[PDB]
Each structure stands twice: as structure tokens, then as C-alpha cells.
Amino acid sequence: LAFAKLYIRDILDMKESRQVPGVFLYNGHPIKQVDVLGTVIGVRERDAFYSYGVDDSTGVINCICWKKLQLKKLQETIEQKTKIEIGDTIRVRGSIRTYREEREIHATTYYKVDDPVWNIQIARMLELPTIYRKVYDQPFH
């Protein structure tokens, strides 16, 4: 029901449920929607979407981020050249998908994180072991 905060390494290797495709299993926990944070290490642009290779220090995964659509004057030309690039930090909330034998995240939401003193990323690094200990590593229900 939530966007599950997980290591990219677990996303990459959780077994898929045969009974309910698109649902993945971590210790008997049914995982679909995830929340990842990491460094952009690759950018590929297509007509309808961006592919952002995201590295969270445990693994690297492609996140497919669908393109959208004063407004063109104040914002758009500024949006134009603040685009996500290699080296940026991004947060991606979406679903785990398999496509052409590769695992991917299909984004429901994605944004560049301003993290100038590594505050958000340190907090994430510190929080994850706790969510695993309290929830994911505990018997499902």
C-alpha cells in the first residue's frame, strides 16, 4: 500500500510472485510500489520518457520517467536547462517492472533532490536498516 523504501540491491533480486505478476517478494512481504533515492549515473532520452540510471550505493537500476504534457516565459526556458543530469540526486516513487529480461522502475513521481550537505541521503542511509529490522525482516504480518 505504501511506496516501500528498499535497497536497490533488494529490488534487483527479489523473486517475482508467480500467482500475482508485478508483485515481488521480500521475506514473504508482497512488494509492488517502491521509493528509491540515489545518484543519477546515466541519462537516456526518448520521445515519451527519460531513462535515469540510479545508483544508491547498493545497486544500480533504470527508472523510466514519462515526460509530462509566464508558463513558457517565466518557467519553461528555465526548466529547459535545469534538466536532470549525471551527478544529480533524484527520488523516484514507482512500480517495479520487468521488461526485456531487465528489471526497471516505472515512475509515478520523480524529482531532483537538492541535497547540498548530504542531509537527506545520510538520513536515508540511517533509516533503511531500521525499516528492514522492524518491518521487512519480520515475518509478514
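Numbering starts at 1 and follows the sequence shown.
Gap check for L69 to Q70: 10 or more deposited residues are absent from the model. Look at the mean CA B-factor for 58 to 66 and for 45 to 53 in the entry; the higher one is 45 to 53.
Note on 118 to 126 vs 20 to 28: mean CA B-factor is higher in 20 to 28. Between the residues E76, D88, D35, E104, the entry's highest C-alpha temperature factor is the one at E76.
Ranked within its chain, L6 lands in the lowest third, by CA B factor from the PDB record. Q80: CA B factor lies in the highest third for its chain, per the PDB record.
In the deposited entry, the Cα temperature factor of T39 sits in the bottom third of values across the chain's modelled residues.
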